[PDB]
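Basis: the model, the stated rules and, where named, an outside source; nothing here is a laboratory result. When we count neighbours, we look across all protein chains shown, and the Cβ atoms used for this are built from the backbone with ideal geometry, even at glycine.
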Amino acid sequence: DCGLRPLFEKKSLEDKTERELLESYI
Amino acid sequence: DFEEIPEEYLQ
Amino acid sequence: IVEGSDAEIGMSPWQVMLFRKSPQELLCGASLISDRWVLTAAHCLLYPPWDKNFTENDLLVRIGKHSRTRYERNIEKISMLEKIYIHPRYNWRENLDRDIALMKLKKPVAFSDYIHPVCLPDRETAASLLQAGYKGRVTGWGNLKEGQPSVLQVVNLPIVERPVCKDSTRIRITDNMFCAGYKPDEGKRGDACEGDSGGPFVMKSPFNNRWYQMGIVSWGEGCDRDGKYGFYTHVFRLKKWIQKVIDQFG
Ligand SMILES: Cc1cnc(NCC(F)(F)c2ccccn2)c(=O)n1CC(=O)NCc1ncccc1F
């Protein structure tokens with residue numbers, strides 16, 4: 001269950017800057 | 001400037 | 001953290017605070033990798049040059065926090081240490097090579113909305129994500145400039161090419177380290193700073209949406225200096241030792 005945050009991934013909500021990370025994995 | 005933590009932990 | 005921003009509640013449930021009993025103060029960051037184990041930088045516990053040599057009963061681990069100084073009643077959990085394990089080949093004499101340490105908690109901590117373990121990378125995840133240009137995230141309650149934040153800070157930094165890392169310092173860099181940060185001409189900035197040591201450098205896998213800890217805040221020369229970069233302990237490179245310790249003492 002590691003790496004899945006109760007307040008984010010578990011609820012399908014994203015934090016305000018994770019998109020920056022994902023966009024860098026071009 | 002740390003807030004005093006419960007003595008139950010400092011014991 | 002320099003040039004970072006306030007973290008959201010529950011944004012880094014694996015973030016741990018290494019707290020000194022007497023006097024009460026912030027020693028370093030750390031991370032929760034299981035209900036019984038915490039991962040941090042060996043230099044947070046042992047560093048003879050500065051007469052630093054902390055034992056089990058000298059520290060406390062505070063999990064689930066947001067505020068740096070306040071005792072977050074009903075939210076954070078404080079734990080005692082049963083045993084500390086420092087890498088036998090930790091090089092404190094020269095370049096902090098193998099700057100890693102594991103801490104066994106007295107009792108398992110219960111998870112919650114604010115307390116949750118981060119994943120350790122497998123060979124494949126590490127191979128596909130640990131690449132120059134790819135961004136990771138660093139968190140901590142360390143200084144904001146080379147003064148102190150009210151709550152946990154966060155900053156996203158790109159991994160830097162090994163050649164550039166090497167050419168930015170006189171320190172001998174090993175395969176057990178990697179550096180991160182923006183280049184002086186990229187505009188944006190940010191970096192870890194004093195108090196952030198031992199903290200986690202994490203990345204989110206676009207394959208299974210999980211967060212993995214790829215590095216540990218290890219060392220740097222100043223904070224957010226142009227042409228300089230922060231150095232992190234390469235967690236995967238040392239996973240053999242990590243696994244050895246856990247299944248042999250846990
Ligand atoms: C223990 C220690 C000793 N010397 C440090 N820097 C000086 C140095 F870079 F020249 C160095 C590196 C390795 C061994 C001896 N000296 C250092 O960075 N740490 C660890 C430390 O203070 N880490 C905190 C930190 N980590 C990343 C960026 C900024 C920052 F303050």
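The rows are residues; the columns are (1) away from the ligand (no atom under 15 Å from the Cβ); (2) of a type in the set (A, V, I, L, M, F, W, C); (3) closer than 24 Å to C:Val151 by Cβ; (4) within 9 Å of chain A (Cβ to nearest Cβ).
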site	(1), (2), (3), (4)
C:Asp196	no, no, yes, no
C:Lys204	yes, no, yes, yes
C:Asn208	yes, no, no, yes
C:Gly215	no, no, yes, no
C:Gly220	no, no, yes, no
C:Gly227	no, no, no, no
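Listed residues C:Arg98, C:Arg123, C:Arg93; which is surrounded by fewer than 21 Cβ atoms within 10 Å (Cβ to Cβ) and outside the structural domain of C:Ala7 (by CATH)? If you could, list the steps in order and put the result at the bottom.
Details: C:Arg98 fails: surrounded by fewer than 21 Cβ atoms within 10 Å (Cβ to Cβ); C:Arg123 fails: outside the structural domain of C:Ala7 (by CATH).
Testing whether each residue is surrounded by fewer than 21 Cβ atoms within 10 Å (Cβ to Cβ) and outside the structural domain of C:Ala7 (by CATH) leaves just C:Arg93.
Could you count how many residues in region C:116-160 are among the acidic types (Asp, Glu) and within 12 Å of another protein chain (Cβ to nearest Cβ)?
Residues that pass the stated criteria total 1.
When region C:46-72 is examined, which residues are found to be part of a strand (DSSP E or B) and among the β-branched types (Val, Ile, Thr)? Spell out the reasoning first.
If we filter region C:46-72 for residues that are part of a strand (DSSP E or B), which is where we start, we get C:46-47, C:52-53, C:59-63, C:67.
Selection gives C:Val61, C:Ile63.
Which one of these is more than 16 Å from the ligand (Cβ to nearest atom) and either touching a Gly at 6+ places or on another chain (Cβ under 8 Å) or not aromatic (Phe, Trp, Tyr) (or both): C:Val151, C:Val160, C:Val155, C:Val138? Please lay out each step first, then the result.
Values: C:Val160 fails: more than 16 Å from the ligand (Cβ to nearest atom); C:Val155 fails: more than 16 Å from the ligand (Cβ to nearest atom); C:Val138 fails: more than 16 Å from the ligand (Cβ to nearest atom).
Being more than 16 Å from the ligand (Cβ to nearest atom) and either touching a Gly at 6+ places or on another chain (Cβ under 8 Å) or not aromatic (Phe, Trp, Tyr) (or both) holds for just one of C:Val151, C:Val160, C:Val155, C:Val138, which is C:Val151.
Could you pull out the residue among C:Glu8, C:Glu25 that is surrounded by 15 or more Cβ atoms within 10 Å (Cβ to Cβ) and within 25 Å of C:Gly190 (Cβ to Cβ)? Don't jump to the end; show me each part of the working.
Details: C:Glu25 fails: surrounded by 15 or more Cβ atoms within 10 Å (Cβ to Cβ).
None of the others qualify; the one that does is C:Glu8.
Determine if region C:2-25 includes at least one residue that is acidic (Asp, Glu), assigned to a loop (DSSP other than H, G, I, E, B) and within 14 Å of chain A (Cβ to nearest Cβ).
Looking only at region C:2-25, we keep the residues that are acidic (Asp, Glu), and these are C:3, C:6, C:8, C:25.
Then keep just the ones that are assigned to a loop (DSSP other than H, G, I, E, B); that gives C:3, C:8.
Among the residues that remain, those that are also within 14 Å of chain A (Cβ to nearest Cβ) are: C:3, C:8.
Yes: one or more hits.
Answer with yes or no whether C:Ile75 is surrounded by 22 or more Cβ atoms within 10 Å (Cβ to Cβ) and more than 17 Å from C:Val217 (Cβ to Cβ). Break it down into steps so the answer makes sense when it comes.
Working: surrounded by 22 or more Cβ atoms within 10 Å (Cβ to Cβ): no; more than 17 Å from C:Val217 (Cβ to Cβ): yes.
The answer is no for C:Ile75.
What are the pairs, 6+ residues apart or on separate chains, where a residue within region C:62-74 that is aromatic (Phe, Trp, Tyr) has its Cβ under 6 Å from a residue that is surrounded by 15 or more Cβ atoms within 10 Å (Cβ to Cβ)?
Once the first residue is aromatic (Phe, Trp, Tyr) and sits in region C:62-74, its partners that are surrounded by 15 or more Cβ atoms within 10 Å (Cβ to Cβ) give C:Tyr71/B:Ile5.
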